[PDB]
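Student: Chains as they are written, first to last, in this note's numbering: chain A, 5 to 181; chain B, 163 to 228; chain C, 32 to 487; chain D, 133 to 241.
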Ligand SMILES: Nc1ncnc2c1ncn2[C@@H]1O[C@H](COP(=O)(O)OP(=O)(O)O)[C@@H](O)[C@H]1O
Ligand SMILES: [Mg+2]
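1. From the DSSP output, which residues share a beta bridge with residue 203 of chain C?
2. For the beta strand (DSSP E) holding residue 194 of chain B, just list the boundary residues, first then last.
3. For the stretch 141-160 of chain D, list every residue whose C-beta sits within 8 Å of some C-beta in chain B, in sequence order.
4. Can you list, in chain order, the residues of its chain whose CB lies under 8 Å from that of residue 221 of chain D, leaving out five sequence neighbours each side?
5. Which same chain residues, not among the five before or five after residue 166 of chain A, have their C-beta less than 8 Å away from its C-beta?
6. Does DSSP put residue 23 of chain A in a helix, a strand or coil?
7. Counting Cβ pairs, one atom from each stretch, are 3 or more of them under 8 Å apart for the stretch 419-435 of chain C and the stretch 129-141 of chain C?
8. With DSSP as the reference, identify every bridge partner of residue 237 of chain D, one or two as the case may be.
9. Whose Cβ in chain C lies nearer than 9 Å to the Cβ of residue 217 of chain B?
10. I'd like the span of the beta strand (DSSP E) that includes residue 159 of chain A, first residue to last.
11. Are the beta-carbon atoms of residue 170 of chain C and residue 311 of chain C separated by less than 8 Å?
12. Who's in the neighbourhood of ligand 2, going by beta-carbon under 6 Å from any heavy atom, listed in chain order?
13. Around the C-beta of residue 45 of chain A, are 16 or more other C-beta atoms found within 10 angstroms, so that it is buried, or is it exposed?
14. Specify, as a first and last residue, the run of the alpha helix (DSSP H) that residue 32 of chain A falls within.
15. Could you name the residues of the same chain whose beta carbon sits closer than 6 Å to that of residue 118 of chain C, not counting the 5 residues immediately before and after it, in chain order?
16. Taking the straight line between their C-alpha atoms, what separation do you get for residue 387 of chain C and residue 476 of chain C?
17. In chain C, which residues lie with their C-beta within 7 Å of the C-beta of residue 201 of chain B?
18. Suppose you measure from the CA of residue 224 of chain C to the CA of residue 369 of chain C; what does that come to, to the nearest Å?
19. Checking 8 Å against the spacing of the C-beta atoms, do residue 330 of chain C and residue 175 of chain C come in under that value?
20. Using beta carbons (cut-off 8 Å, strictly below), is residue 205 of chain B in contact with chain C?
21. Is residue 176 of chain D close to chain B? Criterion is C-beta to C-beta, closer than 8 Å.
22. Find the nearest neighbour of residue 183 of chain C within the set C:284, C:471 and C:431, judged by alpha-carbon distance.
23. Kindly list the residues whose CB is nearer than 8 Å to the CB of residue 47 of chain A, restricted to its own chain and excluding five residues on each side of it in sequence; keep chain order.
24. Hey, out of C:273, C:290 and C:317, whose CA is closest to residue 306 of chain C's CA?
25. Hey, is the stretch 234-244 of chain C in contact with the stretch 201-216 of chain C, meaning 3+ C-beta pairs nearer than 8 Å?
26. Quick one: does the C-beta of residue 360 of chain C sit closer than 7 Å to a heavy atom of ligand 1?
27. Would the stretch 137-151 of chain D count as touching the stretch 456-475 of chain C if we require 3 or more Cβ pairs under 8 Å?
28. Whole angstroms is fine: what's the gap from residue 240 of chain D's alpha carbon to residue 220 of chain B's?
29. Going along chain B in order, which residues have a C-beta closer than 8 Å to the C-beta of residue 54 of chain A?
30. Check whether the Cβ atoms of residue 77 of chain A and residue 11 of chain A lie closer than 8 Å to each other.
31. Output yes if chain E places a C-beta closer than 8 Å to the C-beta of residue 193 of chain B; else output no.
32. Following a CB-centred definition, is residue 201 of chain C positioned closer than 7 Å to any heavy atom of ligand 1?
33. For residue 210 of chain B, which residues in the same chain have their Cβ closer than 7 Å to its Cβ, ignoring the five residues on either side in sequence?
34. Alpha carbon to alpha carbon, how far is residue 176 of chain A from residue 315 of chain C?
35. Roughly how many angstroms lie between the CA atoms of residue 81 of chain C and residue 172 of chain B, to the nearest whole one?
36. Checking contacts by CB at 8 Å: is residue 111 of chain A closer than that to chain B?
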């Protein structure tokens with residue numbers, strides 16, 4: 005099944021807990037650190053051995069993170085290890101932020117301009133994008149030299165394109181049909 | 163991440179294994195599952211303790227069915 | 032970029048590539064070190080592709096680097112392929128060194144459009160009485176030799192090749208798909224000794240080869256025939272067994288993650304068959320005349336594979352195990368065999384009336400057979416007694432000794448023109464030869480011979 | 133050593149043992165509180181073995197202790213078995229007292 009399907013119970017559990025105890029920022033750091041540690045080639049190799057018990061694998065991971073995990077996070081790590089799901093930690097870390105973002109009423113947009121970048125330009129659109137989405141917007145601008153002239157705005161599944169490449173595509177299908 | 167988290171890892175004493183060796187995981191109805199035989203070729207012969215020999219048939223992603 | 036083998040299970044291999052360098056569907060891959068080719072069949076996701084080996088996997092290991100070729104299997108095409116024996120990858124499998132190709136085509140292609148189809152009814156004479164009568168073939172038409180195991184599919188095809196290909200002025204492609212290696216050797220020496228090997232391209236994928244080889248051999252042979260058709264030429268395409276293409280898909284389907292359908296077949300049986308069969312056609316540039324042998328599992332014509340094949344052919348010739356079990360060859364079933372050219376507006380009323388006349392007599396006798404078993408012959412009416420005699424003779428007069436079967440029959444081969452085929456059956460139906468014993472029509476070529484055999 | 137019943141499904145029972153004390157295939161095991169006998173069929177990994185009960189499983193529960201006997205089901209053999217009725221484990225079922233066995237043989241050969 006999709007890693008997302010397998011990570012949905014664990015992530016919702018972390019979030020309902022962080023929310024009822026006011027820890028929505030502490031768990032973000034803890035899950036990001038746990039996800040990070042598990043991906044390392046030495047730790048990846050260790051977690052895939054038949055010699056270690058579930059408790060031994062769980063313990064070894066809490067020891068590397070240490071203070072980064074509060075009492076509750078370490079216990080969550082023990083639950084994930086007991087169920088043999090330590091390969092889903094990057095996915096579990098990702099879905100937690102999504103539930104949190106819908107709670108905080110915010111979005112991480114991913115703007116891509118052709119050849120220009122200005123502090124005035126980012127806010128000019130963050131007002132309309134915020135107004136449209138009804139959420140606070142954490143723009144993440146970047147560079148896309150591929151485009152002749154314009155910008156491509158991605159937020160969630162919505163993609164507001166105002167790039168000349170987009171107008172080229174339209175003009176081209178229109179002319180060949 | 164943090165240099166401290168970067169450490170502890172070089173002090174975990176993570177073992178290693180040759181590409182021509184592995185260990186038995188389960189034993190059922192004449193089928194044995196083995197971990198770690200990275201250089202196994204399909205149809206190759208595997209040597210177990212006691213002079214028992216096996217033949218590698220399932221070279222799956224994380225287990226060898228012999 | 033470069034990929035690593037991650038999972039080998041039988042003939043199916045998974046290869047993982049950078050998520051920005053995932054090879055296309057049907058793309059060919061090459062293993063480093065080992066001489067093995069893999070064709071991408073599915074993109075599982077996360078840079079991994081599922082592929083089938085075009086060779087053996089006994090030497091393959093997990094972690095071997097795989098290279099992306101950027102295209103599908105490209106085989107040599109044109110004049111350089113004539114008089115040569117080749118494998119699925121187009122490599123020469125004869126000791127005559129390399130082939131001087133001037134172009135390579137990809138085995139995968141679209142079928143000709145609806146506006147490119149062409150219609151023709153030029154009658155093609157075969158020299159066999161049963162076929163020339165009830166299954167008249169047409170130039171540029173599709174023929175199918177349906178039958179079980181041991182009833183004559185290869186023998187009949189060889190006789191046609193001899194009575195058509197040898198005289199045919201144009202080129203020819205012979206594809207041995209899931210065939211016995213002994214038949215391929217006998218046919219190669221036969222084309223070579225007959226001096227006809229110069230105008231025949233030979234592609235062989237026998238039963239000793241991996242599923243992937245038997246799954247693409249038909250596309251290789253067809254790709255060579257399509258190059259010749261597109262040059263404006265008239266071509267002959269002979270396929271030894273097209274069932275082996277369906278079976279190779281059944282053998283690999285479950286390992287590809289597909290749920291099984293009825294009679295344990297791949298769920299893509301009708302589309303995989305349509306994608307191949309729609310390319311074997313005569314367009315407005317050139318004409319491909321094709322003869323395919325169709326294996327019938329357990330002699331059951333209702334099995335999904337044979338049942339899905341009938342709709343793709345113009346002429347359907349049916350071989351019966353019950354006729355072969357009586358020492359009768361060719362064992363064609365006149366009441367089950369059919370042809371589109373069987374129409375008075377295409378051939379003529381005299382031919383059509385003779386064919387329907389023979390069928391009427393044999394259909395009525397199929398019901399009196401059981402009546403004669405219980406009770407006896409005496410209890411029948413005179414018209415039934417008289418009909419039973421002609422039916423048993425017509426059944427025997429359908430038998431013709433073939434030159435390719437002399438090794439088995441022991442007698443010399445015979446060739447009967449459609450005129451003699453029509454004349455003889457018309458006379459027997461008229462009752463002119465009611466004075467001849469039943470044993471005189473068995474393996475006697477023309478009716479004249481039957482009159483002579485009655486004296487021996 | 134001693135294992136714990138971890139799973140029960142009809143006549144089949146899964147038992148977990150320490151990694152250095154896992155019973156071999158066909159080894160006989162006895163449940164501590166009922167003395168029910170189990171025969172090991174396969175080793176599943178992580179110290180877990182799968183077994184078939186040589187009696188009724190009604191009343192058994194998860195967490196019960198299990199003892200490994202170090203040998204396969206061994207039954208009495210020879211002249212002492214003549215004129216006697218026995219069950220699958222070699223116990224007498226004819227009310228005529230114990231069997232005067234001189235030796236026992238394993239049932240797998
Ligand atoms: N016309 C025929 N005359 C004599 N023998 C024949 C004829 N057709 C088939 N046979 C017999 O059957 C075999 C060849 O038929 P074949 O083409 O191999 O059948 P199929 O391809 O349907 O399995 C030989 O053993 C041969 O004796
Ligand atoms: Mg044959």
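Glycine residues also receive a C-beta, built at the ideal position from the N, C-alpha and C atoms.
Tutor: If we stick to the structure as given:
1. The residue labelled residue 203 of chain C in the question sits at position 172 within the third chain. The partner list for residue 203 of chain C (beta bridge, DSSP) reads C:231 and C:267.
2. Stepping through the second chain from its first residue, residue 194 of chain B is reached at position 32. It spans 194-197 - the beta strand (DSSP E) in which residue 194 of chain B sits, taken as one unbroken run.
3. With the criterion set as a beta carbon lying under 8 Å from some beta carbon of chain B, the members of the stretch 141-160 of chain D are 157, in sequence order.
4. Here residue 221 of chain D refers to the residue found at position 89 when the fourth chain is read from its first residue. Excluding sequence neighbours, residue 221 of chain D sits near 169, 186, 205 and 207.
5. The sequence position of residue 166 of chain A within the first chain is 162, counting from 1. Around residue 166 of chain A: 154, 155, 156 and 157.
6. For the purposes of this step, residue 23 of chain A is taken as residue 19 along the first chain, with counting starting at 1. In the structure shown, residue 23 of chain A sits in a helix (DSSP, three-state: H, G or I).
7. No contact exists between the stretch 419-435 of chain C and the stretch 129-141 of chain C.
8. What you label residue 237 of chain D is simply residue 105 of the fourth chain in a count that begins at 1. For residue 237 of chain D, which the question treats as bridged, DSSP gives the partners D:207.
9. One-based indexing of the second chain puts residue 217 of chain B at position 55. Counting only Cβ-Cβ distances below 9 Å, residue 217 of chain B has no contacts in chain C at all, with the closest Cβ about 11 Å away.
10. Along the first chain, read from residue 1 onward, the residue named residue 159 of chain A stands at position 155. It spans 155-159 - the beta strand (DSSP E) in which residue 159 of chain A sits, taken as one unbroken run.
11. As a first step, residue 170 of chain C is located in the third chain; it is residue number 139 there, counting from the start. As a first step, residue 311 of chain C is located in the third chain; it is residue number 280 there, counting from the start. By the CB criterion at 8 Å, residue 170 of chain C and residue 311 of chain C fall outside the cutoff.
12. In chain order, the residues that have a beta carbon nearer than 6 Å to some heavy atom of ligand 2 are C:184 and C:185.
13. Taking the first residue of the first chain as 1, we reach residue 45 of chain A at position 41. Exposed, by the Cβ-count rule.
14. In the first chain, the residue the question calls residue 32 of chain A occupies position 28. Start and end: 30-43.
15. Numbered from 1 along the third chain, position 87 holds the residue referred to as residue 118 of chain C. For residue 118 of chain C, where only same-chain residues beyond five positions count, the Cβ hits under 6 Å are 124.
16. One-based indexing of the third chain puts residue 387 of chain C at position 356. One-based indexing of the third chain puts residue 476 of chain C at position 445. Between the C-alpha atoms of residue 387 of chain C and residue 476 of chain C there is a straight-line separation of about 21 Å.
17. The residue labelled residue 201 of chain B in the question sits at position 39 within the second chain. Under a criterion of Cβ atoms nearer than 7 Å, the residues of chain C adjacent to residue 201 of chain B are, in order, 92.
18. Here the question's residue 224 of chain C lines up with position 193 in the third chain. Here the question's residue 369 of chain C lines up with position 338 in the third chain. Their backbone Cα atoms lie some 35 Å apart in a straight line.
19. Locating residue 330 of chain C in the third chain gives position 299, where the first residue counts as 1. Locating residue 175 of chain C in the third chain gives position 144, where the first residue counts as 1. Between residue 330 of chain C and residue 175 of chain C, the CB-CB gap reaches or exceeds 8 Å.
20. Residue mapping note: residue 205 of chain B aligns to position 43 of the second chain, counting from 1. With 8 Å as the cut-off, residue 205 of chain B counts as an interface residue toward chain C.
21. As a working note, residue 176 of chain D is residue 44 in the fourth chain. For residue 176 of chain D, the answer is yes, since a Cβ of chain B falls inside 8 Å of its Cβ.
22. By 1-based counting over the third chain, the position of residue 183 of chain C is 152. Taking only the C-alpha atoms, the option nearest residue 183 of chain C is C:431.
23. Position 43 of the first chain holds residue 47 of chain A. Excluding residues within five positions, the ones whose Cβ falls inside 8 Å are 41, 65 and 68.
24. For the purposes of this step, residue 306 of chain C is taken as the residue at position 275 of the third chain. Relative to residue 306 of chain C, the option among C:273, C:290 and C:317 whose CA is nearest is C:273.
25. Put simply, the stretch 234-244 of chain C touches the stretch 201-216 of chain C. At least three CB pairs are less than 8 Å apart.
26. Counting from 1 along the third chain, the entry for residue 360 of chain C is found at position 329. Because some heavy atom of ligand 1 lies under 7 Å away, the Cβ of residue 360 of chain C counts as near it: yes.
27. Contact between the stretch 137-151 of chain D and the stretch 456-475 of chain C is absent: fewer than 3 CB-CB pairs across the two stretches fall below 8 Å.
28. Reading the fourth chain from its first residue, position 108 is the one you call residue 240 of chain D. Reading the second chain from its first residue, position 58 is the one you call residue 220 of chain B. For the pair residue 240 of chain D and residue 220 of chain B, the Cα-to-Cα distance works out to about 30 Å.
29. Taking the first chain and counting its residues from 1, the one referred to as residue 54 of chain A is at position 50. The answer, in chain order, is 185, 187 and 197.
30. Reading the first chain from its first residue, position 73 is the one you call residue 77 of chain A. Reading the first chain from its first residue, position 7 is the one you call residue 11 of chain A. The criterion of a C-beta distance shorter than 8 Å is not satisfied by residue 77 of chain A and residue 11 of chain A.
31. Absence of chain E from the displayed structure is noted, the protein chains being A, B, C and D.
32. For this step, residue 201 of chain C is matched to residue 170 along the third chain. Outside the cutoff, so no.
33. On the second chain, residue 210 of chain B is found 48 positions in, with the first residue counted as 1. Same-chain partners within the cutoff: 216.
34. Here residue 176 of chain A refers to the residue found at position 172 when the first chain is read from its first residue. Here residue 315 of chain C refers to the residue found at position 284 when the third chain is read from its first residue. Looking at the two C-alpha atoms, the distance is approximately 32 Å.
35. Residue numbering aside, residue 81 of chain C sits at position 50 when the third chain is read from its first letter. Residue numbering aside, residue 172 of chain B sits at position 10 when the second chain is read from its first letter. Going by C-alpha positions, residue 81 of chain C is about 37 Å away from residue 172 of chain B.
36. Translated into positions along the first chain, residue 111 of chain A becomes position 107. It does not: the Cβ of residue 111 of chain A has no partner Cβ on chain B nearer than 8 Å.
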